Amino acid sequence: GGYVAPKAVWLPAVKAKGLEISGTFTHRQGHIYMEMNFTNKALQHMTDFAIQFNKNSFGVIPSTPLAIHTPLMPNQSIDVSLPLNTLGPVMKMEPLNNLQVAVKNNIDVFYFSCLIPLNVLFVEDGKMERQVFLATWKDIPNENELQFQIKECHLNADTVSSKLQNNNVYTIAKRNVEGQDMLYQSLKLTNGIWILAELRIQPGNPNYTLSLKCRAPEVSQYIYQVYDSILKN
């Protein structure tokens, strides 16, 4: 599969009268899940669990209600796997990948925010055709090209192209010019937006240069960030 961040407290217990929630996001067999854990660090049982996502850039929405049809007892801890889809109300957020969430129990409604790792939103179908890559790279306005440095990374081209493909970032073509390795790479997000990349590897220096061309280039920062976490874990 792709890279999955270890979960992280999203809702501290002290901010929700003992209800602690922690989570991550996954993309497995082309379906997106919010992978949660609820722990009851409160004095009494918790019931009537429910979830709502607010309006967000990628129009992310759960596919079912929260399936925890159970009383959550003190010091009890459970893993919930909430399926998601991107058919819901869209609205460009700041930061672009911030999701506002509200969880309800018998006690109250609690609000929290978390950042969707953009790689879970990369679709299985992001491998551009080479001539189409060529022409599209030529096509995107040239001020829509952005340059990034992948720091202290020591993996070779094969390993980089391998890791990256596990996350639906495709390696279209490979060019070795001047002992510097060059990888051409497309990815497609869930809202259709393409990201084309040229990644540049050179023995000697443990810093990779990442050239991203996207039609909405405000995305590209978040794409690099994801390149960085992928190639570092």
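Numbers follow the displayed sequence, beginning with 1.
- Relative to its counterpart among 32-40 and 193-201, 193-201 has the higher mean temperature factor, C-alpha atoms as listed in the PDB entry.
- If you average the C-alpha B-factors over 103-111 and over 123-131, the higher value belongs to 123-131.
- Within the selection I140, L84, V160, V90, the deposited Cα B-factor values reach their highest point at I140.
- In the PDB entry, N98 places in the lowest third of its chain by CA B-factor.
- Per-chain ranking of the deposited C-alpha B factor places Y170 in the middle third.
- In this PDB entry, the Cα temperature factor of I61 sits in the bottom third of its chain's modelled residues, the lowest group.
- Among the modelled residues of its chain, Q52 has a C-alpha B-factor that falls in the middle third according to the deposited record.
- Among the modelled residues of its chain, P74 has a C-alpha B-factor that falls in the middle third according to the deposited record.
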